Amino acid sequence: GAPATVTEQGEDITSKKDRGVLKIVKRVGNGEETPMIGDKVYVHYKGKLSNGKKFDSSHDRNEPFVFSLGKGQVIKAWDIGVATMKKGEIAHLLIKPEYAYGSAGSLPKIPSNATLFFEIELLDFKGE
Ligand SMILES: COc1cc2cc(OC)c1OCCn1cc(nn1)CCCOC(=O)[C@@H]1CCCCN1C(=O)[C@H]2C1CCCCC1
């Protein structure tokens, strides 16, 4: 499935090159600009435990998910991964627990040492 393909073909986008955040561009976006720390970002996404076992979607609320990049308002993997994306891009991320919820997890929703998968569409980003 999509997670296993990311394992297979995904680029390591971590500074430490620890495969903690793996990325595949599924649909190439447009323009050269990728967002800066502080930018307001708008995405659609689907997320799940690599298991399959909890599934979450912005499309379940039929409205974009909005956050400020690089303030830890989202897990580390999003701050890293969304920063790499161009407007219109769809990316798959596969994320080791160190870049998500860690040994602690976020119980009961997310267990200890969970790997996460996301499909993210970067809709827009604007200056703060
Ligand atoms: C850990 O608590 C949640 C995680 C996720 C979804 C949750 O509810 C929809 C959720 O409940 C609390 C409410 N909340 C928080 C956030 N969004 N909603 C953004 C910040 C924390 O989330 C994140 O940083 C990441 C990236 C941005 C989208 C949400 N997300 C998640 O981790 C989802 C996970 C994804 C894996 C399957 C379960 C939900």
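Values quoted throughout were computed directly from the atomic coordinates according to the rules given, and no laboratory measurement underlies them. Neighbour counts are summed over all protein chains in view; Cβ atoms, including those assigned to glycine, are modelled from backbone coordinates with ideal geometry.
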(request) Just subtract the alpha-carbon distance of residue 53 and residue 7 from 0.36 nm times their residue separation and send over the number in nm, one decimal. (result) 14.7 nm
(request) Just rank 93, 116, 107, 69, fewest to most, by other beta-carbon atoms within 10 angstrom. (result) 107, 69, 116, 93
(request) Pull out a ≥ b ≥ c, the square roots of the eigenvalues of the alpha-carbon gyration tensor of the chain, then state rounded if a/c is under 1.5, prolate if not and a/b is larger than b/c, and oblate in the remaining case. (result) rounded
